[PDB]
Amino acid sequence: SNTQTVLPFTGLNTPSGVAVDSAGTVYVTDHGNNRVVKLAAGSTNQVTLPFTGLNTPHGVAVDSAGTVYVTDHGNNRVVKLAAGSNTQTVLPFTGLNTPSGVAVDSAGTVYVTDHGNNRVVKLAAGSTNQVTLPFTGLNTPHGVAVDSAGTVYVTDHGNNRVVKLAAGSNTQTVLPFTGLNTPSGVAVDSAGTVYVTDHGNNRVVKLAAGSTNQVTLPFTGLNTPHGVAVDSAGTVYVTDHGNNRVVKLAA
């Protein structure tokens, strides 16, 4: 549909990452304010999550237990916070250089786009064994998403492309998006449809699984969209750091 709502967040300064959970709570990294905020479905009351020490936080993800993960790229680290907790945990990633995106699968594995090092890395839940995923020839990989089957999707914007890698595969596929210019956020729905913020064209596009028929989502008044997320009903959420807002569009 074209049913668009601006969510009632307040005081945002360059929102960047966005994620939505199974309850419809929307999480946003307020990049210029070094904080992560949330709004429950239908709520009017934005809440700041109790992270501390962030410097340009960027990607955000939320697992099935409500633990929130944030890439803190100024500090080359990934931080998590269990729902309701006041102690944040710095995950044991090593050698990150400006990490931009984070995703978490149903087993709790955490995937990070290590933007400055041209790689995607992961940690299984509770492990210190960082593993590099066998993508090929990435160049400033930026956004990352993981679907219910463990396929990992990456905006490989230094190569102006979106790639995907099935769980256990050693051979990535390049998705046939049309007309991209430097993609940033990526998200994937329960049907495997892939949503991408085509940042250099100020638009959000989608491609159903295995399809070549790209659709531009009918948002109106987008200025500089950046991050994208999609909920279990197919509603799409986009951060716009040109006008400091978060917009949602029903399916």
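Residue numbers here begin at 1 and follow the sequence given.
Mean C-alpha B factor from the entry: is it higher for 78 to 86 or for 96 to 104?
Looking at the recorded C-alpha B-factors, 78 to 86 comes out higher on average.
Take the C-alpha B-factors listed in the entry for 207 to 215 and for 32 to 40, compute each mean, and give the stretch with the larger one.
Higher of the two, by average CA B-factor, is 207 to 215.
Member of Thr197, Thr193, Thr67, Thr220 with the greatest C-alpha B factor (per the PDB record):
Of the options given, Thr220 has the highest CA B-factor in the PDB entry.
Per the PDB entry, maximal CA B factor within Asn139, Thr171, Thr71, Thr109
If I rank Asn139, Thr171, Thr71, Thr109 by C-alpha B-factor, first place goes to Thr171.
Based on the deposited C-alpha B factors for this chain, I'd like to know if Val230 is in the lowest, middle or highest third.
For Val230, whose C-alpha B-factor we compare with every modelled residue in the chain, the answer is the middle third.
Using the temperature factors of the C-alpha atoms in this entry, rank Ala23 within its chain: lowest, middle or highest third.
Within its chain, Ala23 is a highest-third residue by C-alpha B-factor, going by the deposited values.
Taking the C-alpha B-factors as the PDB entry records them, is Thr132 in the lowest, middle or highest third of its chain?
Middle third.
Compared with the other modelled residues in the chain, in which third is the CA B-factor of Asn243?
It belongs to the highest third of the chain when residues are ordered by C-alpha B-factor.
Using only modelled residues of the chain, where does the Cα B factor of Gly116 rank: lowest third, middle third or highest third?
CA B-factor rank for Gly116: middle third.
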